[PDB]
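1. coordinates only, no sequence provided:
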C-alpha cells in the first residue's frame, strides 16, 4: 500500500510548513520549501493550511503514530459537567422520615388505647399500618382489643398476622389460642399454648399448662375428623409381583454401574481456551459505517498503454550449466571397474 | 522528530517522480509537483536519482517497508515475451496500415456486388468496417449484399449503423427499406424509401424512384382498401446530430504492454476528467414576489445540533454488518406540522 497518494500530499506540505515555521535550514532554502508547498497545494486542488480533513482518508497502515507525530494532536476533548459521584445522602430524604416518624402515629394511637378509646385506637393503629404495616405490635394490639370486644374473627386475623411477623410475640399466641378456643377450634388452641410451654418454659404458668391440656381435649375430638383418605390409589396394591418379578431394581449393573474411570474420564480443567477461543474471532467490529466499505480493495488498473520493448527476455538461458561437474571425479577418474584389474601372474 | 527531514525528502521527491511519470495526475498539475520536488532536492542538497542510495539508509521507525515501497521495488517486472516494443516515428495510427487496407476493399467490393457476388462483396466491406467503423459507406453497401444472402435482419443492423454515423446518407435508408420489404412488409418498407426522397427533396432522381417504386408496386394497390399508413421507423424526431457515445469499447484491446513510464504513447486518459461545461438551469418559476422562502430565515437545515462522534472511532470497522443504523433519530422536518404558527385570528 501507499494510501490514496492524495492525503500523502497534505502530510508532505504540512511537514515542510513545520520546517519553515522554525526556519532551521537557510532562509533561501526555506523559501524553496515554501514555494514547493504552494505548488503541491494547487497541484491536487487544496489549501496548504486545511490539511486535517484531507488526512482523514488513510490512517497510514504502517506508520500510524510513533514514526510521525505530526498528524494526531493529543487533545483529551469534551468536558462539560459530569462528576458521576454518588449522592450518598439520597434525594427522597423528604418522605424518608416517615419510616421512623410512624412512632408518633403509634404513640398518638396509644393516647387513644390507654384512654379507653378501643375503636379510635384500632383506627389509628391501622393508620400507622398505612405507613409502616410490618410490625407485630400493631396487629396483636388490635387482636387484644377485638377479643375483648368479642370480634374473635378480627382477633384471629390480627393474632396469626402478628405471629407471621414475629413468632416470639406472646400476645399473638395468647389471643389466637383464646379466640380459637372460644370457637372450639382444636389444633389452633393447642399449638398456641404449646409455644407458651416451649418459649416461656419456667415463665409458662400452671394455668397456661392446664388450658393447653384443656385444648388437647378438643384435639382428641378432631382425631376422628382429620383423616387423609387412600383414595383407592393402587400400584403396589395390584399385581406388582406379576410376570417375572425377579427384581426390577439392579444393585449397580443396569442402575449406574458404568464407572469405567470416573474423575479420570473428565476434561477437568475443561481446556476450552487453548482450544479455538483464546482471542481470534469476534474482533468486536460494531457498525461505524466508514462511508462505503462496499467492496473496497485497492488501486486496480493504472497499468497504462506503455509499449514495453523485448525487455521480457532479459532473463536469459541459465548460464550455470554442468561446468563444476562437467568431468569432475565420476566422469573421468574410473579405475574401480575391477579391484584386482592389474592382477598379473595367476595363482 | 520524525526521522531526518532529508530522508523524508528523498522519499517525497521519488514519490512524486513515480506519480507524474505514470500520468495518474495530469501533466498540468504535475508541473507544480515537478518544480516542488526540484525545490526540495535543491534545499537539502541531493539529486532525484541520489535518493536510491538514501532510501537504503532511510529505514524509518514505523512503516519501514510495504506502507511505502518507493524505498524498494518502484519498477514492475514487465516480463512476458514480445509485448509491443512501442512503434514510434509513425505517428498516424488511425491511417497507419489501416488506410491501405480499407480503400482497396471499397470499389472492388462494389464491383463484386455489381457482379451479384454478394459473398465476396461482404468479405471486402467486413475487413474495411473493422478498419474505419466511422465510414457509413461500407456499412450501407454491405447491408445491400447481406440482405441478398437472406440475412435481412442483420442487413437492417448494417444499414442502421450507416445511419447512426451519417443519417443524411439517403443510401442508408435505401436497403433499410429493401430489408423490411423482403421481411414481408411492403408498406412498412415505403417510409424508408420515402426518406431517400425526403433528404433529397424535389431533387429525387429516377435512380432513387427505383427504390420508392419497389414498395410502391405493392403499396399503390394496398392503400386503396388497406389503410394503416404508419411512419414505422420515425427516427428523424431523434436525429439532432447522433448524440450517442460508443457502446463501451473497454480495456481498449487488453494488451497495454506495461506503462511503467513509456515514451510518447496514446494515453486515452483525461476524457473522464474533461467533463466540465456548466449551463443555465434554474427556470424562472416566479409566480409571486415571495416565490419560496429563499431568504432561508431559520427555515430548514437548522434543527441538527451536529451530534457528531470523534476521529478515534476509525479503529473499529463495520464488519458486523455495515448499514445506516445511526439515523440520529431524525424528526427535523418539523415545519409542515401546522402547529408552528397555525393562526386562530384571536379577537
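-> That came through, no problem. Numbers count the residues shown, from 1 in each chain, chains lettered A, B, ... in the order given.

2. around chain B, which positions in the stretch 51-200 of chain A sit nearby?
-> A:56, A:59-70, A:77-78 (Cβ under 8 Å from any Cβ of the partner chain). C-beta here means a position set from N, CA and C on the backbone, and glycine is covered the same way.

3. not counting its neighbours along the chain, what's nearest the residue nearest the centre of chain A?
-> The geometric centre of chain A, computed from its C-alpha atoms, lies nearest to residue A:284 (Cα atoms, centre = their mean), at 17.2 Å. The shortest distance from residue A:284 to any non-neighbouring residue, by Cβ to Cβ, 6 or more residues apart in numbering or on different chains, is to residue B:316 (6.3 Å).

4. in stretch A:275-291, what counts as buried?
-> A:287-288 (16 or more other Cβ atoms under 10 Å in any protein chain shown).

5. what about it, start to end distance?
-> 37 Å (Cα to Cα, to the nearest Å).

6. do stretch A:260-276 as well
-> Termini of stretch A:260-276 sit 29 Å apart (Cα to Cα).

7. again with stretch A:54-73
-> 15 Å.

8. ok, and what's touching it?
-> Stretch A:54-73 has contacts (Cβ atoms under 8 Å, 6 or more residues apart in numbering or on different chains) with A:1, A:3-4, A:6-11, A:14-15, A:18, A:46, B:1-3, B:60-68, B:311, B:314.

9. filter those residues to the buried ones?
-> Buried members of the contacts of stretch A:54-73, scored by 16+ other Cβ under 10 Å, are A:3, A:7-11, A:14-15, A:46, B:2, B:60, B:62-63, B:67-68.

10. from those, pick the one nearest residue A:195.
-> Closest approach to residue A:195 among the buried ones among the contacts of stretch A:54-73 (Cβ to Cβ): residue B:62, at 82.4 Å.

11. before we move on, what SS does that closest one have?
-> Secondary structure for residue B:62, judged by DSSP: H, G, I helix; E, B strand; the rest coil, is coil.

12. spatially nearest residue to it (excluding sequence neighbours)?
-> Nearest residue to residue B:62 in three dimensions, chain neighbours excluded: residue A:67, at 3.1 Å (Cβ to Cβ, 6+ apart).

13. quick check: which element contains the one you found?
-> Counting by DSSP states H and E, no helix or strand carries residue A:67.

14. quick one, phi/psi of it?
-> Taking degrees, to the nearest 10, you get phi -60, psi -70 for the backbone angles of residue A:67.

15. from residue A:237, how far off is it?
-> Separation of residue A:67 from residue A:237 (Cβ to Cβ, to the nearest Å): 90 Å.

16. what's the burial count for residue A:118?
-> By other Cβ atoms under 10 Å in any protein chain shown, 15 other residues sit near residue A:118.

17. so the residue nearest to it when sequence neighbours are not counted, which of the three states?
-> Leaving aside its sequence neighbours, residue A:118 sits nearest to residue A:145 (Cβ to Cβ, 6+ apart; 5.0 Å). Using three-state DSSP, the structure places residue A:145 in helix.

18. surely residue A:145 is in contact with residue A:121?
-> Yes: between residue A:145 and residue A:121 there is a contact at 6.6 Å, judged by Cβ atoms under 8 Å.

19. intersection of neighbour lists for these two?
-> Common neighbours of residue A:145 and residue A:121 (Cβ under 8 Å, 6+ apart) are residue A:113.

20. span of stretch A:223-234 from start to end?
-> 26 Å.

21. and if you look at stretch A:107-127?
-> First-to-last residue span, stretch A:107-127, Cα to Cα: 12 Å.

22. which parts of it are buried?
-> Quick answer for stretch A:107-127 (16+ other Cβ under 10 Å): A:109-110, A:112-113, A:121-122, A:124-125.

23. one more: stretch A:20-29?
-> A:20, A:25, A:29.

24. give me the domain ranges for chain A.
-> A:1-73, A:152-224 (automatic domain parsing).

25. distance between the last one and the chain's centre?
-> Put plainly, it is domain A:152-224. 50 Å (Cα atoms, centre = their mean, to the nearest Å).

26. ok, the first one next?
-> Centroid displacement of domain A:1-73 relative to its chain, using Cα atoms, centre = their mean, is 48 Å.

27. residue B:98: which of the domains of chain A is closest?
-> domain A:1-73 (37.6 Å).

28. and the closest one, how far apart are its ends?
-> Where domain A:1-73 begins and where it ends lie 25 Å apart, using Cα to Cα.

29. and stretch A:227-241, by the same measure?
-> 30 Å.

30. can you pull out the residues in contact with it?
-> Looking at stretch A:227-241 with Cβ under 8 Å, 6+ apart, no contacting residue turns up.

31. cool, and stretch A:251-268?
-> For stretch A:251-268, contacts defined as Cβ under 8 Å, 6+ apart pick out A:249-250.

32. likewise for stretch A:316-332?
-> Contacts of stretch A:316-332 (Cβ under 8 Å, 6+ apart): none.
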